[PDB]
file run_33.cif (mmCIF, C-alpha atoms and all ligand atoms)
data_input
loop_
_atom_site.label_atom_id
_atom_site.label_comp_id
_atom_site.auth_asym_id
_atom_site.auth_seq_id
_atom_site.Cartn_x
_atom_site.Cartn_y
_atom_site.Cartn_z
CA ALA A 2 21.39 -13.17 12.56
CA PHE A 3 19.75 -9.84 11.95
CA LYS A 4 18.48 -7.86 14.93
CA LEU A 5 15.83 -5.22 15.35
CA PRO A 6 17.62 -1.97 16.21
CA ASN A 7 16.54 0.16 19.17
CA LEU A 8 15.09 3.51 18.31
CA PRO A 9 17.76 6.25 18.78
CA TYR A 10 15.15 8.43 20.61
CA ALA A 11 12.04 8.01 22.85
CA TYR A 12 8.91 6.69 21.11
CA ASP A 13 7.21 10.06 21.70
CA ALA A 14 10.20 12.14 20.53
CA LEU A 15 8.73 12.97 17.09
CA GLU A 16 5.44 14.44 18.42
CA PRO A 17 3.44 16.20 17.17
CA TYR A 18 4.73 15.12 13.69
CA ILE A 19 4.49 11.36 14.20
CA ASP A 20 2.35 10.04 17.06
CA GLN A 21 3.80 7.82 19.79
CA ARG A 22 1.31 5.05 18.95
CA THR A 23 2.42 4.84 15.30
CA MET A 24 6.11 4.76 16.34
CA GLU A 25 5.30 1.71 18.50
CA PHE A 26 3.27 -0.22 15.90
CA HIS A 27 5.72 0.79 13.10
CA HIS A 28 8.91 -0.25 14.98
CA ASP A 29 7.79 -3.03 17.37
CA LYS A 30 5.28 -4.82 15.02
CA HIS A 31 5.95 -3.96 11.38
CA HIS A 32 9.77 -3.69 11.37
CA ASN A 33 10.03 -6.59 13.80
CA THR A 34 8.02 -8.78 11.37
CA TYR A 35 10.39 -8.10 8.44
CA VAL A 36 13.42 -8.94 10.62
CA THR A 37 11.85 -12.19 11.89
CA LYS A 38 10.78 -13.32 8.43
CA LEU A 39 14.18 -12.28 7.06
CA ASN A 40 15.97 -14.40 9.72
CA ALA A 41 13.80 -17.42 8.90
CA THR A 42 15.05 -17.28 5.28
CA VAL A 43 18.78 -16.54 5.81
CA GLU A 44 19.54 -18.09 9.19
CA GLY A 45 21.66 -21.24 8.76
CA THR A 46 22.74 -20.13 5.23
CA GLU A 47 25.63 -18.59 3.34
CA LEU A 48 23.74 -15.29 3.26
CA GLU A 49 23.72 -14.81 7.08
CA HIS A 50 27.33 -13.56 6.94
CA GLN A 51 26.76 -11.19 3.96
CA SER A 52 25.98 -7.52 4.28
CA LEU A 53 22.30 -6.72 3.74
CA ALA A 54 23.26 -4.01 1.23
CA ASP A 55 25.30 -6.54 -0.80
CA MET A 56 22.28 -8.97 -0.82
CA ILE A 57 19.72 -6.33 -1.91
CA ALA A 58 22.15 -4.84 -4.47
CA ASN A 59 22.55 -8.37 -5.97
CA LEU A 60 19.10 -10.00 -5.52
CA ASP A 61 19.51 -11.81 -8.80
CA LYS A 62 22.27 -13.90 -7.16
CA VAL A 63 20.10 -14.98 -4.23
CA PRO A 64 18.73 -18.61 -4.62
CA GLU A 65 15.22 -18.70 -6.22
CA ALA A 66 13.64 -20.12 -3.04
CA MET A 67 15.00 -17.30 -0.86
CA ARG A 68 14.80 -14.35 -3.30
CA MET A 69 11.27 -13.05 -2.64
CA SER A 70 11.83 -12.98 1.13
CA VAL A 71 15.20 -11.24 0.82
CA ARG A 72 13.57 -8.68 -1.51
CA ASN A 73 10.56 -8.08 0.77
CA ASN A 74 11.76 -8.81 4.29
CA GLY A 75 15.42 -7.89 3.74
CA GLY A 76 14.15 -4.74 2.03
CA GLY A 77 11.82 -4.17 5.00
CA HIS A 78 14.62 -4.49 7.50
CA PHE A 79 17.09 -2.26 5.64
CA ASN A 80 14.47 0.28 4.77
CA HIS A 81 13.01 0.65 8.27
CA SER A 82 16.53 0.63 9.82
CA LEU A 83 17.57 3.63 7.73
CA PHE A 84 14.30 5.35 8.31
CA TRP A 85 14.67 5.51 12.14
CA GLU A 86 18.16 6.86 11.73
CA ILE A 87 17.13 9.63 9.25
CA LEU A 88 14.47 10.87 11.68
CA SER A 89 15.45 13.15 14.58
CA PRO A 90 13.70 15.29 17.19
CA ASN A 91 16.46 17.95 16.70
CA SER A 92 16.02 18.36 12.87
CA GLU A 93 18.02 21.25 11.41
CA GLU A 94 18.55 21.74 7.66
CA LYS A 95 22.34 21.58 7.83
CA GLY A 96 25.08 19.63 5.98
CA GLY A 97 27.24 19.81 2.84
CA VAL A 98 24.66 17.64 1.10
CA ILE A 99 22.21 20.55 1.18
CA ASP A 100 24.78 22.85 -0.52
CA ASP A 101 24.86 20.27 -3.34
CA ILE A 102 21.07 19.99 -3.41
CA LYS A 103 20.96 23.78 -3.79
CA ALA A 104 23.40 23.62 -6.74
CA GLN A 105 21.33 21.07 -8.69
CA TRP A 106 17.76 22.14 -7.85
CA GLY A 107 18.45 25.89 -7.44
CA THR A 108 16.97 26.08 -3.92
CA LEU A 109 16.12 23.60 -1.15
CA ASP A 110 12.38 24.35 -1.72
CA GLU A 111 12.52 23.41 -5.39
CA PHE A 112 13.99 20.08 -4.18
CA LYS A 113 11.25 19.73 -1.54
CA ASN A 114 8.63 20.40 -4.19
CA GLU A 115 9.88 17.60 -6.42
CA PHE A 116 10.21 15.14 -3.53
CA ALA A 117 6.67 16.08 -2.47
CA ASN A 118 5.15 15.69 -5.96
CA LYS A 119 6.78 12.22 -6.23
CA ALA A 120 5.87 11.06 -2.72
CA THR A 121 2.23 12.25 -2.92
CA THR A 122 1.72 10.70 -6.36
CA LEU A 123 3.36 7.35 -5.56
CA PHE A 124 0.47 4.95 -6.00
CA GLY A 125 -0.05 2.24 -3.40
CA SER A 126 2.68 1.16 -0.95
CA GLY A 127 6.31 2.30 -1.19
CA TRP A 128 9.05 4.76 -0.52
CA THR A 129 10.42 7.99 -1.94
CA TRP A 130 14.22 8.30 -1.91
CA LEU A 131 17.10 10.66 -2.39
CA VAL A 132 19.95 8.73 -4.02
CA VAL A 133 23.42 9.04 -5.53
CA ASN A 134 23.58 7.71 -9.10
CA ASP A 135 27.16 7.96 -10.48
CA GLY A 136 28.14 11.02 -8.40
CA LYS A 137 24.81 12.73 -9.01
CA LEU A 138 21.74 13.38 -6.83
CA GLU A 139 18.32 12.13 -7.96
CA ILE A 140 14.88 11.58 -6.37
CA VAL A 141 13.26 8.20 -7.19
CA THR A 142 10.38 6.05 -5.93
CA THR A 143 10.15 2.31 -5.23
CA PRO A 144 7.11 0.10 -4.67
CA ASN A 145 6.52 -1.94 -1.51
CA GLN A 146 9.92 -2.71 0.08
CA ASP A 147 11.99 -2.44 -3.11
CA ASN A 148 15.20 -0.52 -2.76
CA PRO A 149 17.29 1.56 -5.24
CA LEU A 150 20.45 -0.45 -4.30
CA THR A 151 19.08 -3.15 -6.62
CA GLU A 152 19.34 -0.61 -9.56
CA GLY A 153 22.93 0.51 -8.69
CA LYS A 154 22.05 3.66 -6.69
CA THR A 155 22.97 4.54 -3.08
CA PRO A 156 20.17 5.75 -0.72
CA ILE A 157 20.92 8.73 1.59
CA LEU A 158 17.32 9.62 2.49
CA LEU A 159 13.97 7.88 2.45
CA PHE A 160 10.32 8.52 3.21
CA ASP A 161 7.83 5.76 4.08
CA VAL A 162 4.45 6.09 2.34
CA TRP A 163 2.96 2.71 3.21
CA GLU A 164 -0.28 3.70 4.92
CA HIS A 165 0.83 2.14 8.30
CA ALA A 166 3.39 4.93 8.56
CA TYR A 167 0.69 7.67 8.76
CA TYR A 168 -2.84 6.32 8.92
CA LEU A 169 -3.50 6.62 12.72
CA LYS A 170 -2.69 10.33 12.76
CA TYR A 171 -3.20 11.58 9.20
CA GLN A 172 -5.55 8.99 7.69
CA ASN A 173 -5.90 9.80 3.95
CA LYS A 174 -3.96 13.13 4.19
CA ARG A 175 -0.52 11.93 3.02
CA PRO A 176 0.40 15.49 1.87
CA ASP A 177 0.22 16.68 5.54
CA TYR A 178 2.43 13.84 6.64
CA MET A 179 4.90 14.94 3.91
CA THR A 180 4.80 18.51 5.22
CA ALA A 181 5.36 17.18 8.75
CA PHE A 182 8.28 14.97 7.63
CA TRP A 183 10.47 17.97 6.72
CA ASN A 184 10.42 19.04 10.37
CA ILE A 185 12.06 15.77 11.51
CA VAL A 186 14.78 14.86 8.91
CA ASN A 187 18.15 14.05 10.47
CA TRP A 188 20.12 15.92 7.79
CA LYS A 189 23.31 15.31 9.79
CA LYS A 190 22.81 11.59 9.10
CA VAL A 191 21.79 12.21 5.47
CA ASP A 192 25.06 14.09 4.97
CA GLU A 193 27.32 11.34 6.56
CA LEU A 194 25.84 8.96 3.99
CA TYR A 195 26.19 11.51 1.21
CA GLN A 196 29.89 12.08 2.02
CA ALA A 197 30.52 8.29 1.92
CA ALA A 198 28.65 7.80 -1.43
CA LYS A 199 29.95 11.07 -3.07
CA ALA B 2 -19.12 13.03 -14.94
CA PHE B 3 -18.14 10.20 -12.64
CA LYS B 4 -19.86 10.34 -9.20
CA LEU B 5 -19.37 9.15 -5.67
CA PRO B 6 -22.26 6.76 -4.95
CA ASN B 7 -23.93 6.75 -1.56
CA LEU B 8 -23.52 3.87 0.82
CA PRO B 9 -26.66 1.63 0.70
CA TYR B 10 -26.45 1.24 4.52
CA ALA B 11 -25.45 3.41 7.50
CA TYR B 12 -21.78 4.06 8.20
CA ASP B 13 -22.12 2.02 11.46
CA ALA B 14 -24.16 -0.82 9.87
CA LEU B 15 -21.07 -3.09 9.60
CA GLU B 16 -19.82 -2.68 13.22
CA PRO B 17 -17.85 -4.33 14.66
CA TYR B 18 -16.48 -5.98 11.50
CA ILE B 19 -15.64 -2.70 9.79
CA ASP B 20 -15.68 0.26 12.15
CA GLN B 21 -17.71 3.43 11.59
CA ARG B 22 -14.69 5.73 11.35
CA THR B 23 -13.12 3.54 8.66
CA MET B 24 -16.29 3.66 6.54
CA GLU B 25 -16.35 7.50 6.87
CA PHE B 26 -12.73 7.86 5.66
CA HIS B 27 -12.71 5.01 3.11
CA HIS B 28 -15.78 6.28 1.31
CA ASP B 29 -15.98 10.08 1.82
CA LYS B 30 -12.23 10.56 1.37
CA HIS B 31 -10.40 7.80 -0.47
CA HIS B 32 -13.14 6.80 -2.88
CA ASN B 33 -14.07 10.46 -3.29
CA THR B 34 -10.53 11.35 -4.26
CA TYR B 35 -10.49 8.57 -6.90
CA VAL B 36 -13.62 10.16 -8.43
CA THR B 37 -12.20 13.71 -8.31
CA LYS B 38 -8.91 12.81 -9.93
CA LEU B 39 -10.56 10.65 -12.57
CA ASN B 40 -12.89 13.47 -13.64
CA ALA B 41 -10.01 15.91 -13.79
CA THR B 42 -8.32 13.43 -16.20
CA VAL B 43 -11.14 12.67 -18.62
CA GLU B 44 -13.46 15.63 -19.25
CA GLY B 45 -13.33 18.22 -21.92
CA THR B 46 -11.98 15.19 -23.86
CA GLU B 47 -13.37 12.45 -26.09
CA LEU B 48 -12.94 9.99 -23.21
CA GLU B 49 -15.56 11.84 -21.10
CA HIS B 50 -18.45 9.47 -21.92
CA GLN B 51 -16.49 6.13 -22.01
CA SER B 52 -17.49 3.57 -19.34
CA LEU B 53 -15.05 2.45 -16.72
CA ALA B 54 -15.41 -1.23 -17.56
CA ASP B 55 -14.47 -0.44 -21.19
CA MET B 56 -11.39 1.64 -20.27
CA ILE B 57 -10.21 -0.80 -17.53
CA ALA B 58 -10.51 -3.84 -19.88
CA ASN B 59 -8.82 -1.95 -22.73
CA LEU B 60 -6.21 -0.08 -20.71
CA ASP B 61 -3.68 -0.62 -23.54
CA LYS B 62 -5.90 1.63 -25.74
CA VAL B 63 -6.15 4.59 -23.34
CA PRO B 64 -3.64 7.36 -24.37
CA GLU B 65 -0.22 7.22 -22.68
CA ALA B 66 -0.49 10.54 -20.81
CA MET B 67 -3.86 9.52 -19.18
CA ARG B 68 -3.21 5.84 -18.67
CA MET B 69 -1.90 5.84 -15.11
CA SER B 70 -4.69 8.04 -13.85
CA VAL B 71 -7.27 5.87 -15.61
CA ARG B 72 -5.65 2.69 -14.35
CA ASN B 73 -5.14 3.88 -10.79
CA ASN B 74 -8.03 6.26 -10.15
CA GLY B 75 -10.35 4.47 -12.57
CA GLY B 76 -9.50 1.22 -10.84
CA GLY B 77 -10.13 2.88 -7.48
CA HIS B 78 -13.61 4.04 -8.54
CA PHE B 79 -14.61 0.74 -10.11
CA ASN B 80 -13.21 -1.26 -7.21
CA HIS B 81 -14.64 0.69 -4.30
CA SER B 82 -18.00 1.04 -6.04
CA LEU B 83 -18.25 -2.73 -6.33
CA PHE B 84 -16.88 -3.20 -2.76
CA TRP B 85 -19.82 -1.29 -1.12
CA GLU B 86 -22.37 -3.33 -3.12
CA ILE B 87 -20.88 -6.68 -1.99
CA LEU B 88 -21.07 -5.75 1.70
CA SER B 89 -24.26 -6.16 3.68
CA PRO B 90 -25.50 -6.26 7.29
CA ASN B 91 -27.84 -9.09 6.20
CA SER B 92 -25.24 -11.60 5.05
CA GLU B 93 -26.65 -15.06 4.36
CA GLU B 94 -24.58 -17.78 2.74
CA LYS B 95 -27.03 -18.95 0.11
CA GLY B 96 -27.37 -18.85 -3.69
CA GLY B 97 -26.40 -20.45 -6.99
CA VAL B 98 -22.86 -19.17 -6.56
CA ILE B 99 -22.57 -20.75 -3.12
CA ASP B 100 -23.89 -24.07 -4.49
CA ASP B 101 -21.25 -23.94 -7.25
CA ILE B 102 -18.41 -22.86 -4.86
CA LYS B 103 -19.21 -25.98 -2.79
CA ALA B 104 -19.29 -28.11 -5.95
CA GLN B 105 -15.83 -26.92 -6.98
CA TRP B 106 -14.00 -26.64 -3.58
CA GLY B 107 -15.75 -29.53 -1.72
CA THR B 108 -16.77 -27.21 1.14
CA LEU B 109 -17.29 -23.51 1.77
CA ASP B 110 -14.49 -23.56 4.42
CA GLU B 111 -11.98 -24.62 1.79
CA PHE B 112 -13.11 -21.79 -0.46
CA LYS B 113 -12.52 -19.33 2.41
CA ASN B 114 -9.18 -20.87 3.35
CA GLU B 115 -7.85 -20.35 -0.18
CA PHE B 116 -9.22 -16.80 -0.36
CA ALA B 117 -7.78 -15.92 3.06
CA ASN B 118 -4.34 -17.38 2.32
CA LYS B 119 -4.29 -15.19 -0.82
CA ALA B 120 -5.55 -12.13 1.08
CA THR B 121 -3.11 -12.40 3.99
CA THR B 122 0.01 -13.09 1.87
CA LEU B 123 -0.67 -10.27 -0.64
CA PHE B 124 2.45 -8.09 -0.30
CA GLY B 125 1.69 -4.35 -0.24
CA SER B 126 -1.64 -2.89 -1.33
CA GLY B 127 -4.26 -4.62 -3.48
CA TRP B 128 -7.37 -6.78 -3.60
CA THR B 129 -8.38 -10.47 -3.45
CA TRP B 130 -10.99 -11.47 -6.01
CA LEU B 131 -13.43 -14.18 -6.98
CA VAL B 132 -13.67 -14.09 -10.79
CA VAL B 133 -15.35 -15.92 -13.62
CA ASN B 134 -12.78 -16.99 -16.26
CA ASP B 135 -14.47 -18.88 -19.19
CA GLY B 136 -17.37 -19.94 -16.90
CA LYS B 137 -14.92 -21.14 -14.19
CA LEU B 138 -14.58 -19.74 -10.71
CA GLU B 139 -11.12 -18.84 -9.51
CA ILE B 140 -9.48 -16.68 -6.87
CA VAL B 141 -6.83 -14.11 -7.86
CA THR B 142 -5.06 -11.07 -6.44
CA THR B 143 -4.11 -7.79 -8.03
CA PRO B 144 -1.79 -5.04 -6.82
CA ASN B 145 -3.06 -1.54 -5.98
CA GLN B 146 -6.25 -0.68 -8.01
CA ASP B 147 -5.56 -3.19 -10.76
CA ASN B 148 -8.62 -5.20 -11.87
CA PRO B 149 -9.01 -8.69 -13.46
CA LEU B 150 -11.18 -7.18 -16.24
CA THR B 151 -7.83 -6.06 -17.82
CA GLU B 152 -6.96 -9.76 -18.15
CA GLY B 153 -10.47 -10.54 -19.54
CA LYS B 154 -11.88 -12.01 -16.25
CA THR B 155 -15.19 -10.88 -14.66
CA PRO B 156 -15.12 -9.98 -10.94
CA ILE B 157 -18.00 -11.15 -8.72
CA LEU B 158 -16.51 -10.72 -5.28
CA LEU B 159 -13.66 -8.65 -3.97
CA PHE B 160 -11.87 -7.82 -0.74
CA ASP B 161 -9.80 -4.59 -0.13
CA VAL B 162 -6.43 -5.27 1.61
CA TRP B 163 -4.95 -1.73 1.32
CA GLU B 164 -3.95 -0.77 4.92
CA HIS B 165 -6.51 2.07 4.88
CA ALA B 166 -9.32 -0.50 4.79
CA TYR B 167 -8.39 -1.91 8.24
CA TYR B 168 -5.64 0.09 10.06
CA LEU B 169 -7.78 2.13 12.48
CA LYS B 170 -9.39 -0.94 14.14
CA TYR B 171 -6.99 -3.81 13.29
CA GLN B 172 -3.60 -2.06 12.72
CA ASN B 173 -1.25 -4.78 11.42
CA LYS B 174 -3.72 -7.71 12.03
CA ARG B 175 -4.89 -8.21 8.46
CA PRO B 176 -6.03 -11.84 9.10
CA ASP B 177 -8.56 -10.74 11.79
CA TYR B 178 -10.10 -8.31 9.25
CA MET B 179 -10.26 -11.20 6.74
CA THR B 180 -12.06 -13.55 9.10
CA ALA B 181 -14.48 -10.70 9.99
CA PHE B 182 -15.32 -10.08 6.30
CA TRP B 183 -17.24 -13.36 5.88
CA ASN B 184 -20.02 -12.10 8.21
CA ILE B 185 -20.82 -9.14 5.88
CA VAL B 186 -20.60 -10.56 2.31
CA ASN B 187 -23.73 -9.69 0.34
CA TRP B 188 -23.96 -13.14 -1.25
CA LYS B 189 -27.22 -12.17 -2.93
CA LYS B 190 -25.38 -9.47 -4.89
CA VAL B 191 -22.39 -11.78 -5.59
CA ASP B 192 -24.94 -14.32 -6.96
CA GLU B 193 -26.57 -11.77 -9.35
CA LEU B 194 -23.16 -10.99 -10.81
CA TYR B 195 -22.34 -14.68 -11.08
CA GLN B 196 -25.50 -15.58 -13.00
CA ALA B 197 -24.84 -12.66 -15.42
CA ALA B 198 -21.22 -13.75 -16.01
CA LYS B 199 -22.07 -17.51 -16.25
FE FE A 201 6.95 1.12 7.08
FE FE A 202 -9.83 0.99 -0.41
#

call {"tool": "encode", "arguments": {"input": "run_33.cif", "output": "structure tokens", "more": "lines below"}}
Ligand SMILES: [Fe+3]
Ligand SMILES: [Fe+3]
result
Amino acid sequence: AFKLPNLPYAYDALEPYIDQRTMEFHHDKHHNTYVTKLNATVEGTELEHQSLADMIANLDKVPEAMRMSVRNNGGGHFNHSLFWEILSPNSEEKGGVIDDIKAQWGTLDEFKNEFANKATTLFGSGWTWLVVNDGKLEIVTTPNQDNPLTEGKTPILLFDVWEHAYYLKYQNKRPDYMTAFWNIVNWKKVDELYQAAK
Amino acid sequence: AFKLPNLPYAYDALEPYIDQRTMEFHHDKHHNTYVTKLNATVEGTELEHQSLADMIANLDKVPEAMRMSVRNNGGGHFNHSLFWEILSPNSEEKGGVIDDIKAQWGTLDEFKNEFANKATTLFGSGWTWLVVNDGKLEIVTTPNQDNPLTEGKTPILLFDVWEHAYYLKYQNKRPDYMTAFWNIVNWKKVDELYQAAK
């Protein structure tokens, strides 16, 4: 069975960037729902003992009756799991990954500008991601709980732009939530993932 | 130019079903942004005097570089404009359309049950609709600001299930927002649209 992870920090540890109340609803309600619905699909099946990354990377091979829930709920679980771990109260822009960002984009700010343009223009619910695609860094978006693993790309960083992730504090002002985000990225985690993927 | 229409009632006229704060943000910010972006797309161009309903229904004929803005922002203007008109503090379940809903579904409760099960299971952002398709009533969903006009169906009632429409008061509890909606449907307006469409 899949389990809801504990937050690696207090619920109020990302203030004033993300409110305590949002961290509660986002983790204890929204993420918990994807996990529960995911378990209802996979529990008692072959898929319970497969890695979630393997399942999402090969959705096509999931039985037709289970596929939508693995996509949506399995996506939800994976996506929110990674998200908590790439946030940190002690965010410092440090890691070898950032040296490589700098090489491709010219400066970290030019990278932040692209990620911002993509995340503020993503229409409806979804995520903006930094990924490795054949040894190379690229910024992509997905709708809803879709995941770049399904397209052959490894995620090392992600940003939630479903409105539940920012509405209580920021309401319509997603660009401010983007600006806030940069202050809380666990780049140490981003870089562990980067070093594993390339 | 496209324009942000006024609300036909006070911002607190739909309390407690839709909260005052939500009406302030939904209309003055979200809908207003749809209008702003749409106008930035279309004027100084030969599309500056084309109606929304024309462009939405013939989205395949809008030029490639303007299509997404017209789809998304044009959708958002059409959809929210209709949404205000189909809300009312003086909701009264009466009309030709209500007689015909009962004829087709057996009872009004079964109409609502179908509409609600489509509203609550819509994954991500979008709308639930009552449409006329060849003189026949049916209930459909669209993602984001997509509109059944694009598929040649006429909308006569719609419900916004983007998280911005309900997060401040309901948070994750979409179904409680759905059940609340029935108390504020302007059935008189829905009926006018119905008699025009068939
Ligand atoms: Fe989320
Ligand atoms: Fe809306």

call {"tool": "residues_near_ligand", "arguments": {"input": "run_33.cif", "ligand": "ligand FE 202 (chain A)", "cutoff": "9 Å", "atoms": "only C-alpha atoms and all ligand atoms", "output": "PyMOL selection string"}}
result
chain B and resi 27-28+31-32+77+80-81+84+127-128+146+161-166

call {"tool": "residues_near_point", "arguments": {"input": "run_33.cif", "point": "(21.5, 20.2, -3.7)", "cutoff": "12 Å", "atoms": "only C-alpha atoms", "output": "NGL selection string"}}
result
:A and (94-113 or 131-133 or 137-140 or 192 or 195)

call {"tool": "atom_distance", "arguments": {"input": "run_33.cif", "atom1": "atom CA of residue 33 of chain B", "atom2": "atom CA of residue 6 of chain B"}}
result
9.1 Å

call {"tool": "atom_distance", "arguments": {"input": "run_33.cif", "atom1": "atom CA of residue 191 of chain B", "atom2": "atom CA of residue 87 of chain B"}}
result
6.4 Å

call {"tool": "closest_residue", "arguments": {"input": "run_33.cif", "among": "A:29, A:49, A:86, A:152", "to": "chain B", "atoms": "all atoms listed in the file"}}
result
A:29

call {"tool": "closest_residue", "arguments": {"input": "run_33.cif", "among": "A:40, A:7, A:173, A:34", "to": "ligand FE 201 (chain A)", "atoms": "only C-alpha atoms and all ligand atoms"}}
result
A:34

call {"tool": "closest_residue", "arguments": {"input": "run_33.cif", "among": "B:193, B:115, B:177, B:25", "to": "chain A", "atoms": "all atoms listed in the file"}}
result
B:25

call {"tool": "interface_residues", "arguments": {"input": "run_33.cif", "of": "chain A", "to": "chain B", "cutoff": "6 Å", "atoms": "only C-alpha atoms", "output": "PyMOL selection string"}}
result
chain A and resi 125-126+145+164

call {"tool": "atom_distance", "arguments": {"input": "run_33.cif", "atom1": "atom CA of residue 134 of chain B", "atom2": "atom CA of residue 182 of chain B"}}
result
23.7 Å

call {"tool": "closest_residue", "arguments": {"input": "run_33.cif", "among": "A:189, A:78, A:22, A:119", "to": "ligand FE 201 (chain A)", "atoms": "only C-alpha atoms and all ligand atoms"}}
result
A:78

call {"tool": "decode", "arguments": {"input": "run_33.cif", "residues": "segment 29-40 of chain B", "atoms": "N, CA and C atoms", "output": "CSV table (one decimal), in the first residue's frame"}}
result
chain,number,residue,atom,x,y,z
B,29,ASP,N,-14.2,40.8,-10.4
B,29,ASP,CA,-13.3,42.0,-10.6
B,29,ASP,C,-11.9,41.6,-11.0
B,30,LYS,N,-11.4,40.4,-10.7
B,30,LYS,CA,-10.1,39.9,-11.0
B,30,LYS,C,-10.0,38.9,-12.1
B,31,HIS,N,-10.6,37.7,-11.9
B,31,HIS,CA,-10.4,36.7,-12.9
B,31,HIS,C,-11.1,37.0,-14.2
B,32,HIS,N,-12.4,37.4,-14.1
B,32,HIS,CA,-13.1,37.7,-15.3
B,32,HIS,C,-12.5,38.9,-16.0
B,33,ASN,N,-12.1,39.9,-15.1
B,33,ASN,CA,-11.5,41.1,-15.7
B,33,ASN,C,-10.2,40.9,-16.4
B,34,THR,N,-9.4,40.0,-15.9
B,34,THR,CA,-8.2,39.5,-16.6
B,34,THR,C,-8.5,38.8,-17.9
B,35,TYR,N,-9.5,38.0,-18.0
B,35,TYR,CA,-9.9,37.4,-19.3
B,35,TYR,C,-10.2,38.5,-20.3
B,36,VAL,N,-10.9,39.5,-19.9
B,36,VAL,CA,-11.2,40.6,-20.8
B,36,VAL,C,-10.0,41.4,-21.3
B,37,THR,N,-9.1,41.7,-20.3
B,37,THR,CA,-7.9,42.4,-20.6
B,37,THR,C,-7.0,41.7,-21.6
B,38,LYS,N,-6.7,40.4,-21.3
B,38,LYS,CA,-5.9,39.6,-22.2
B,38,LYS,C,-6.5,39.4,-23.6
B,39,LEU,N,-7.8,39.3,-23.7
B,39,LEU,CA,-8.5,39.1,-24.9
B,39,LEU,C,-8.4,40.3,-25.8
B,40,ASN,N,-8.6,41.5,-25.2
B,40,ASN,CA,-8.4,42.7,-26.0
B,40,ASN,C,-7.0,43.0,-26.4
